[PDB]
file my_file_1.json (JSON, C-alpha atoms and all ligand atoms)
[["chain", "number", "residue", "atom", "x", "y", "z"],
["G", 2, "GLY", "CA", -41.97, 75.06, 11.12],
["G", 3, "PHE", "CA", -38.56, 73.40, 10.83],
["G", 4, "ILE", "CA", -37.38, 69.91, 11.78],
["G", 5, "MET", "CA", -35.71, 70.41, 15.16],
["G", 6, "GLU", "CA", -38.49, 72.48, 16.77],
["G", 7, "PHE", "CA", -40.76, 69.44, 16.29],
["G", 8, "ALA", "CA", -38.24, 66.64, 16.91],
["G", 9, "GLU", "CA", -37.41, 68.22, 20.28],
["G", 10, "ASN", "CA", -40.87, 68.03, 21.81],
["G", 11, "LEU", "CA", -41.43, 64.73, 19.97],
["G", 12, "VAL", "CA", -38.52, 63.20, 21.90],
["G", 13, "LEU", "CA", -39.78, 64.90, 25.07],
["G", 14, "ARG", "CA", -43.18, 63.23, 24.65],
["G", 15, "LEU", "CA", -41.42, 59.93, 23.92],
["G", 16, "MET", "CA", -39.54, 60.10, 27.22],
["G", 17, "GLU", "CA", -41.39, 59.18, 30.40],
["G", 18, "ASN", "CA", -42.00, 60.63, 33.84],
["G", 19, "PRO", "CA", -38.97, 59.97, 36.07],
["G", 20, "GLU", "CA", -40.93, 60.70, 39.26],
["G", 21, "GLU", "CA", -43.32, 57.90, 38.29],
["G", 22, "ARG", "CA", -40.33, 55.67, 37.57],
["G", 23, "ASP", "CA", -38.72, 56.35, 40.96],
["G", 24, "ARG", "CA", -42.01, 55.84, 42.80],
["G", 25, "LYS", "CA", -42.63, 52.57, 40.95],
["G", 26, "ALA", "CA", -39.07, 51.41, 41.68],
["G", 27, "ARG", "CA", -39.28, 52.03, 45.43],
["G", 28, "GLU", "CA", -42.76, 50.49, 45.51],
["G", 29, "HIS", "CA", -41.74, 47.37, 43.57],
["G", 30, "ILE", "CA", -38.78, 46.96, 45.93],
["G", 31, "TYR", "CA", -41.08, 47.25, 48.97],
["G", 32, "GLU", "CA", -43.66, 44.68, 47.88],
["G", 33, "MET", "CA", -41.01, 42.38, 46.40],
["G", 34, "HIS", "CA", -39.17, 42.27, 49.73],
["G", 35, "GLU", "CA", -42.42, 41.75, 51.66],
["G", 36, "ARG", "CA", -43.38, 38.89, 49.33],
["G", 37, "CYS", "CA", -39.85, 37.48, 49.70],
["G", 38, "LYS", "CA", -40.32, 37.37, 53.47],
["G", 39, "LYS", "CA", -43.72, 35.74, 52.96],
["G", 40, "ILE", "CA", -42.27, 32.99, 50.74],
["G", 41, "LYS", "CA", -39.42, 32.46, 53.20],
["G", 42, "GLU", "CA", -42.01, 31.92, 55.93],
["G", 43, "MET", "CA", -44.01, 29.58, 53.68],
["G", 44, "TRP", "CA", -41.00, 27.36, 52.94],
["G", 45, "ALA", "CA", -40.58, 26.84, 56.71],
["G", 46, "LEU", "CA", -43.82, 24.85, 57.05],
["G", 47, "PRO", "CA", -43.15, 21.18, 57.90],
["G", 48, "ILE", "CA", -44.52, 18.46, 55.65],
["G", 49, "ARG", "CA", -46.57, 17.04, 58.53],
["G", 50, "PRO", "CA", -48.80, 19.64, 60.22],
["G", 51, "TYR", "CA", -48.86, 19.82, 64.00],
["G", 52, "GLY", "CA", -52.49, 18.72, 64.24],
["G", 53, "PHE", "CA", -52.64, 16.04, 61.51],
["G", 54, "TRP", "CA", -54.76, 13.33, 63.20],
["G", 55, "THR", "CA", -56.70, 16.06, 65.03],
["G", 56, "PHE", "CA", -58.15, 17.06, 61.66],
["G", 57, "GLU", "CA", -61.70, 15.82, 61.14],
["G", 58, "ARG", "CA", -60.85, 14.27, 57.77],
["G", 59, "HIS", "CA", -58.09, 12.20, 59.42],
["G", 60, "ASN", "CA", -60.30, 10.37, 61.92],
["G", 61, "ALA", "CA", -63.04, 8.83, 59.74],
["G", 62, "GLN", "CA", -63.73, 6.21, 62.43],
["G", 63, "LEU", "CA", -64.74, 7.96, 65.67],
["G", 64, "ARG", "CA", -68.07, 8.87, 64.03],
["G", 65, "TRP", "CA", -68.45, 5.67, 61.97],
["G", 66, "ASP", "CA", -67.90, 2.92, 64.55],
["G", 67, "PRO", "CA", -70.55, 4.16, 67.06],
["G", 68, "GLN", "CA", -73.28, 3.52, 64.46],
["G", 69, "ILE", "CA", -71.73, 0.11, 63.71],
["G", 70, "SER", "CA", -71.16, -1.21, 67.26],
["G", 71, "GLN", "CA", -74.77, -2.46, 67.22],
["G", 72, "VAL", "CA", -74.49, -4.83, 64.24],
["G", 73, "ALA", "CA", -73.87, -8.54, 64.67],
["G", 74, "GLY", "CA", -70.19, -9.46, 64.78],
["G", 75, "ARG", "CA", -69.04, -6.44, 66.79],
["G", 76, "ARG", "CA", -71.08, -6.51, 70.02],
["G", 77, "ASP", "CA", -69.65, -6.91, 73.50],
["G", 78, "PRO", "CA", -70.80, -10.37, 74.74],
["G", 79, "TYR", "CA", -72.70, -8.62, 77.55],
["G", 80, "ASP", "CA", -75.04, -6.79, 75.18],
["G", 81, "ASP", "CA", -77.40, -9.45, 73.84],
["G", 82, "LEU", "CA", -77.85, -11.07, 77.26],
["G", 83, "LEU", "CA", -79.56, -8.14, 79.01],
["G", 84, "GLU", "CA", -81.12, -6.53, 75.92],
["G", 85, "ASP", "CA", -84.21, -8.76, 76.20],
["G", 86, "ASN", "CA", -85.53, -6.65, 79.08],
["Y", 32, "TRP", "CA", 0.41, 69.34, -18.60],
["Y", 33, "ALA", "CA", -0.18, 70.90, -22.01],
["Y", 34, "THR", "CA", -0.99, 67.50, -23.53],
["Y", 35, "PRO", "CA", -4.49, 66.22, -22.70],
["Y", 36, "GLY", "CA", -3.54, 62.56, -22.27],
["Y", 37, "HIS", "CA", -5.15, 59.17, -22.92],
["Y", 38, "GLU", "CA", -7.23, 56.49, -21.15],
["Y", 39, "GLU", "CA", -10.63, 58.08, -21.81],
["Y", 40, "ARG", "CA", -12.13, 56.28, -18.80],
["Y", 41, "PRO", "CA", -10.43, 55.14, -15.57],
["Y", 42, "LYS", "CA", -9.46, 51.48, -15.62],
["Y", 43, "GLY", "CA", -11.61, 48.88, -13.90],
["Y", 44, "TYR", "CA", -15.27, 48.75, -12.95],
["Y", 45, "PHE", "CA", -16.66, 50.06, -9.67],
["Y", 46, "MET", "CA", -17.91, 47.20, -7.45],
["Y", 47, "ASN", "CA", -16.97, 44.80, -10.30],
["Y", 48, "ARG", "CA", -20.51, 45.24, -11.63],
["Y", 49, "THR", "CA", -20.39, 45.44, -15.42],
["Y", 50, "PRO", "CA", -22.01, 48.64, -16.72],
["Y", 51, "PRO", "CA", -25.47, 48.08, -18.23],
["Y", 52, "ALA", "CA", -26.34, 48.98, -21.79],
["Y", 53, "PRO", "CA", -27.26, 52.65, -22.38],
["Y", 54, "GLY", "CA", -30.88, 53.52, -21.74],
["Y", 55, "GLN", "CA", -31.35, 50.86, -19.04],
["Y", 56, "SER", "CA", -31.16, 51.40, -15.29],
["Y", 57, "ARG", "CA", -28.69, 49.58, -13.07],
["Y", 58, "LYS", "CA", -31.33, 46.95, -12.15],
["Y", 59, "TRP", "CA", -31.16, 47.57, -8.42],
["Y", 60, "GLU", "CA", -30.57, 44.51, -6.28],
["Y", 61, "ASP", "CA", -33.47, 42.81, -4.50],
["Y", 62, "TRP", "CA", -32.17, 43.95, -1.09],
["Y", 63, "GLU", "CA", -30.89, 47.28, -2.44],
["Y", 64, "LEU", "CA", -33.98, 49.33, -1.58],
["Y", 65, "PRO", "CA", -34.77, 47.65, 1.79],
["Y", 66, "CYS", "CA", -31.21, 48.22, 3.03],
["Y", 67, "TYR", "CA", -30.63, 51.66, 1.51],
["Y", 68, "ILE", "CA", -33.87, 52.89, 3.08],
["Y", 69, "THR", "CA", -32.69, 51.36, 6.36],
["Y", 70, "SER", "CA", -29.41, 53.27, 6.12],
["Y", 71, "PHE", "CA", -31.25, 56.50, 5.27],
["Y", 72, "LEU", "CA", -33.60, 56.16, 8.25],
["Y", 73, "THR", "CA", -30.73, 55.32, 10.62],
["Y", 74, "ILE", "CA", -28.68, 58.32, 9.48],
["Y", 75, "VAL", "CA", -31.58, 60.75, 9.77],
["Y", 76, "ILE", "CA", -32.83, 59.43, 13.12],
["Y", 77, "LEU", "CA", -29.33, 59.65, 14.59],
["Y", 78, "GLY", "CA", -28.80, 63.13, 13.15],
["Y", 79, "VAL", "CA", -32.07, 64.62, 14.40],
["Y", 80, "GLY", "CA", -32.55, 62.38, 17.44],
["Y", 81, "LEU", "CA", -29.23, 62.57, 19.27],
["Y", 82, "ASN", "CA", -29.25, 66.38, 18.91],
["Y", 83, "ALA", "CA", -32.91, 67.25, 19.54],
["Y", 84, "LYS", "CA", -32.89, 65.07, 22.65],
["Y", 85, "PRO", "CA", -32.53, 67.11, 25.86],
["Y", 86, "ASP", "CA", -29.00, 67.36, 27.21],
["Y", 87, "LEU", "CA", -30.02, 65.74, 30.50],
["Y", 88, "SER", "CA", -27.22, 63.84, 32.23],
["Y", 89, "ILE", "CA", -25.18, 63.87, 35.44],
["Y", 90, "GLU", "CA", -22.31, 65.94, 34.01],
["Y", 91, "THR", "CA", -24.45, 69.02, 33.30],
["Y", 92, "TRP", "CA", -26.49, 68.66, 36.49],
["Y", 93, "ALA", "CA", -23.28, 68.42, 38.51],
["Y", 94, "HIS", "CA", -21.95, 71.42, 36.59],
["Y", 95, "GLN", "CA", -24.94, 73.57, 37.52],
["Y", 96, "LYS", "CA", -24.90, 72.41, 41.14],
["Y", 97, "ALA", "CA", -21.14, 73.04, 41.41],
["Y", 98, "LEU", "CA", -21.51, 76.57, 40.05],
["Y", 99, "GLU", "CA", -24.38, 77.28, 42.45],
["Y", 100, "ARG", "CA", -22.61, 75.78, 45.47],
["Y", 101, "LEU", "CA", -19.06, 77.11, 45.04],
["Y", 102, "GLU", "CA", -20.22, 80.70, 45.52],
["Y", 103, "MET", "CA", -21.02, 80.17, 49.22],
["D", 201, "LIG", "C1", -19.06, 56.39, 2.29],
["D", 201, "LIG", "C2", -20.14, 57.40, 2.68],
["D", 201, "LIG", "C3", -20.23, 57.49, 4.20],
["D", 201, "LIG", "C4", -21.02, 58.74, 4.58],
["D", 201, "LIG", "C5", -20.97, 58.94, 6.10],
["D", 201, "LIG", "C6", -21.25, 60.40, 6.43],
["D", 201, "LIG", "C7", -20.29, 61.30, 5.66],
["D", 201, "LIG", "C8", -19.27, 61.90, 6.64],
["D", 201, "LIG", "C9", -18.06, 60.98, 6.76],
["D", 201, "LIG", "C10", -17.28, 61.32, 8.03],
["D", 201, "LIG", "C11", -17.57, 60.28, 9.11],
["D", 201, "LIG", "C12", -18.70, 60.78, 10.01],
["D", 201, "LIG", "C13", -18.95, 59.75, 11.12],
["D", 201, "LIG", "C14", -19.73, 60.41, 12.26],
["D", 201, "LIG", "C15", -18.78, 61.27, 13.09],
["D", 201, "LIG", "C16", -19.58, 62.09, 14.09],
["D", 201, "LIG", "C17", -18.64, 62.96, 14.91],
["D", 201, "LIG", "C18", -19.45, 63.94, 15.77],
["D", 201, "LIG", "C19", -20.46, 63.17, 16.61],
["D", 201, "LIG", "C20", -20.82, 64.00, 17.84],
["D", 201, "LIG", "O1", -20.10, 64.00, 18.78],
["D", 201, "LIG", "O2", -21.99, 64.76, 17.86],
["D", 201, "LIG", "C21", -23.16, 64.02, 18.11],
["D", 201, "LIG", "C22", -24.03, 64.03, 16.86],
["D", 201, "LIG", "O3", -24.77, 62.85, 16.80],
["D", 201, "LIG", "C23", -25.07, 62.43, 15.49],
["D", 201, "LIG", "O4", -26.09, 62.75, 14.99],
["D", 201, "LIG", "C24", -24.07, 61.58, 14.71],
["D", 201, "LIG", "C25", -24.80, 60.85, 13.59],
["D", 201, "LIG", "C26", -23.85, 59.87, 12.92],
["D", 201, "LIG", "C27", -24.65, 58.74, 12.28],
["D", 201, "LIG", "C28", -23.71, 57.58, 11.95],
["D", 201, "LIG", "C29", -24.50, 56.27, 11.93],
["D", 201, "LIG", "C30", -23.56, 55.11, 12.23],
["D", 201, "LIG", "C31", -24.36, 53.87, 12.62],
["D", 201, "LIG", "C32", -23.41, 52.77, 13.07],
["D", 201, "LIG", "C33", -24.11, 51.88, 14.09],
["D", 201, "LIG", "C34", -23.07, 51.05, 14.84],
["D", 201, "LIG", "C35", -23.63, 50.67, 16.21],
["D", 201, "LIG", "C36", -22.49, 50.15, 17.09],
["D", 201, "LIG", "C37", -22.89, 50.28, 18.56],
["D", 201, "LIG", "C38", -23.92, 64.66, 19.26],
["D", 201, "LIG", "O5", -23.06, 65.48, 20.00],
["D", 201, "LIG", "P1", -23.57, 66.07, 21.45],
["D", 201, "LIG", "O6", -23.21, 65.10, 22.54],
["D", 201, "LIG", "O7", -22.90, 67.40, 21.72],
["D", 201, "LIG", "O8", -25.21, 66.28, 21.43],
["D", 201, "LIG", "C39", -25.73, 67.42, 20.80],
["D", 201, "LIG", "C40", -26.88, 67.98, 21.62],
["D", 201, "LIG", "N1", -27.12, 69.36, 21.25]]

call {"tool": "encode", "arguments": {"input": "my_file_1.json", "output": "structure tokens", "more": "lines below"}}
Ligand SMILES: CCCCCCCCCCCCCCCCCCCC(=O)O[C@H](COC(=O)CCCCCCCCCCCCCC)COP(=O)(O)OCCN
result
Amino acid sequence: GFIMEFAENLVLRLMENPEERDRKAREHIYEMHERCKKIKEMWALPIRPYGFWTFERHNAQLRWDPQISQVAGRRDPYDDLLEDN
Amino acid sequence: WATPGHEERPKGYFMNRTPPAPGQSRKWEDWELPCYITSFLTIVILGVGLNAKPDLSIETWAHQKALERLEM
């Protein structure tokens, strides 16, 4: 053929779907705003959590001392006296 | 007028480049081809691209919608 009859549909192939572009734009806005709200919530967390000491890793002694309160140097004076019988 | 004149060749040299000896080319510059081909591609792509592109815009769309709406 001639030049323009091919350059026309060439440019038309080069250009994209606008419906896809609009859908992607509204989508991206939706999830970006949702993620923005999520990050805003995340930044509100205090440095020290409400539980803190309640956490099992932050006790480390309520389940260690009971198995140590029997060794010498930690016993209540009234433990060795009546342990004989 | 009737007399032919003088000054067989116009004075001065184009682009100040001295003419080469007869039988030899102009010895094109090292950037001459890469930039001339660039100019050629730009001219052709603007000529055939800006015209073969669809005339989609907001002026023509508003024109069509104003013609269709003014009748009512
Ligand atoms: C010393 C030798 C120099 C030789 C130069 C050429 C010889 C002619 C000299 C005269 C000067 C001509 C300069 C161009 C004037 C163009 C005027 C008409 C332009 C115009 O309105 O029609 C457009 C044509 O686009 C086009 O295709 C225009 C193509 C022009 C290409 C020029 C490249 C310049 C690059 C500069 C880049 C600078 C970038 C800065 C941002 C589209 O019209 P339309 O809207 O109706 O659409 C049509 C849809 N059917």

call {"tool": "atom_distance", "arguments": {"input": "my_file_1.json", "atom1": "atom CA of residue 15 of chain G", "atom2": "atom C37 of ligand LIG 201 (chain D)"}}
result
21.6 Å

call {"tool": "residues_around", "arguments": {"input": "my_file_1.json", "residues": "segment 85-102 of chain Y", "least_positions_apart": "3", "cutoff": "9 Å", "atoms": "all atoms listed in the file", "output": "ChimeraX atom specification"}}
result
/G:9,12-13 /Y:81-82

call {"tool": "residues_near_ligand", "arguments": {"input": "my_file_1.json", "ligand": "ligand LIG 201 (chain D)", "cutoff": "10 Å", "atoms": "all atoms listed in the file", "output": "ChimeraX atom specification"}}
result
/Y:70-87

call {"tool": "atom_distance", "arguments": {"input": "my_file_1.json", "atom1": "atom CA of residue 78 of chain G", "atom2": "atom CA of residue 66 of chain G"}}
result
17.0 Å

call {"tool": "atom_distance", "arguments": {"input": "my_file_1.json", "atom1": "atom CA of residue 54 of chain Y", "atom2": "atom CA of residue 69 of chain Y"}}
result
28.2 Å

call {"tool": "interface_residues", "arguments": {"input": "my_file_1.json", "of": "chain G", "to": "chain Y", "cutoff": "9 Å", "atoms": "all atoms listed in the file", "output": "VMD selection string"}}
result
chain G and resid 4 to 13

call {"tool": "decode", "arguments": {"input": "my_file_1.json", "residues": "segment 53-77 of chain G", "atoms": "N, CA and C atoms", "output": "mmCIF file, in the first residue's frame"}}
result
data_model
loop_
_atom_site.group_PDB
_atom_site.id
_atom_site.type_symbol
_atom_site.label_atom_id
_atom_site.label_comp_id
_atom_site.auth_asym_id
_atom_site.auth_seq_id
_atom_site.Cartn_x
_atom_site.Cartn_y
_atom_site.Cartn_z
ATOM 1 N N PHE G 53 3.346 -5.933 77.592
ATOM 2 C CA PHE G 53 4.758 -5.803 77.968
ATOM 3 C C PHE G 53 5.095 -6.924 78.944
ATOM 4 N N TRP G 54 5.135 -6.671 80.254
ATOM 5 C CA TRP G 54 5.577 -7.674 81.218
ATOM 6 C C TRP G 54 4.709 -8.926 81.172
ATOM 7 N N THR G 55 3.461 -8.791 80.725
ATOM 8 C CA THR G 55 2.555 -9.928 80.612
ATOM 9 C C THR G 55 3.087 -10.949 79.612
ATOM 10 N N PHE G 56 3.893 -10.491 78.655
ATOM 11 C CA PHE G 56 4.447 -11.388 77.650
ATOM 12 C C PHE G 56 5.337 -12.438 78.301
ATOM 13 N N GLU G 57 5.272 -13.664 77.775
ATOM 14 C CA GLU G 57 5.988 -14.776 78.393
ATOM 15 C C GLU G 57 7.498 -14.579 78.320
ATOM 16 N N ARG G 58 7.986 -13.929 77.262
ATOM 17 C CA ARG G 58 9.417 -13.686 77.144
ATOM 18 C C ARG G 58 9.914 -12.625 78.115
ATOM 19 N N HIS G 59 9.015 -11.849 78.719
ATOM 20 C CA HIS G 59 9.388 -10.765 79.617
ATOM 21 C C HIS G 59 9.194 -11.123 81.084
ATOM 22 N N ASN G 60 9.076 -12.411 81.407
ATOM 23 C CA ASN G 60 9.024 -12.846 82.795
ATOM 24 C C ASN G 60 10.290 -13.594 83.191
ATOM 25 N N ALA G 61 10.589 -14.708 82.521
ATOM 26 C CA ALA G 61 11.899 -15.351 82.566
ATOM 27 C C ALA G 61 12.324 -15.768 83.970
ATOM 28 N N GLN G 62 11.467 -15.542 84.963
ATOM 29 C CA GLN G 62 11.801 -15.833 86.351
ATOM 30 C C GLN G 62 10.690 -16.526 87.119
ATOM 31 N N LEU G 63 9.432 -16.404 86.693
ATOM 32 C CA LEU G 63 8.350 -17.104 87.370
ATOM 33 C C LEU G 63 8.398 -18.605 87.126
ATOM 34 N N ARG G 64 9.068 -19.048 86.063
ATOM 35 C CA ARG G 64 9.224 -20.467 85.776
ATOM 36 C C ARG G 64 10.669 -20.933 85.898
ATOM 37 N N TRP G 65 11.562 -20.080 86.390
ATOM 38 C CA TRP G 65 12.936 -20.459 86.692
ATOM 39 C C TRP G 65 13.202 -20.580 88.182
ATOM 40 N N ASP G 66 12.714 -19.627 88.973
ATOM 41 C CA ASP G 66 12.892 -19.696 90.421
ATOM 42 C C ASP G 66 12.262 -20.926 91.069
ATOM 43 N N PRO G 67 11.045 -21.364 90.712
ATOM 44 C CA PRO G 67 10.464 -22.527 91.407
ATOM 45 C C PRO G 67 11.341 -23.765 91.379
ATOM 46 N N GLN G 68 12.100 -23.982 90.309
ATOM 47 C CA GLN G 68 13.029 -25.099 90.240
ATOM 48 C C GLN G 68 14.381 -24.775 90.860
ATOM 49 N N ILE G 69 14.541 -23.575 91.408
ATOM 50 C CA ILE G 69 15.766 -23.193 92.097
ATOM 51 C C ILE G 69 15.556 -23.025 93.599
ATOM 52 N N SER G 70 14.318 -22.844 94.058
ATOM 53 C CA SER G 70 14.043 -22.576 95.466
ATOM 54 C C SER G 70 14.329 -23.780 96.357
ATOM 55 N N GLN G 71 14.855 -24.858 95.779
ATOM 56 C CA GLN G 71 15.247 -26.033 96.544
ATOM 57 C C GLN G 71 16.750 -26.133 96.766
ATOM 58 N N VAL G 72 17.554 -25.345 96.050
ATOM 59 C CA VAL G 72 19.001 -25.434 96.192
ATOM 60 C C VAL G 72 19.444 -24.702 97.454
ATOM 61 N N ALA G 73 20.622 -25.073 97.944
ATOM 62 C CA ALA G 73 21.168 -24.443 99.136
ATOM 63 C C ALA G 73 21.508 -22.986 98.857
ATOM 64 N N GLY G 74 21.197 -22.122 99.818
ATOM 65 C CA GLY G 74 21.390 -20.698 99.663
ATOM 66 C C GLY G 74 20.151 -19.926 99.275
ATOM 67 N N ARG G 75 19.003 -20.594 99.149
ATOM 68 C CA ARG G 75 17.763 -19.914 98.798
ATOM 69 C C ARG G 75 16.562 -20.436 99.576
ATOM 70 N N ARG G 76 16.758 -21.348 100.522
ATOM 71 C CA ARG G 76 15.651 -22.018 101.188
ATOM 72 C C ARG G 76 15.171 -21.228 102.396
ATOM 73 N N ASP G 77 13.856 -21.199 102.579
ATOM 74 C CA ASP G 77 13.279 -20.649 103.794
ATOM 75 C C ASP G 77 13.814 -21.432 104.991
#
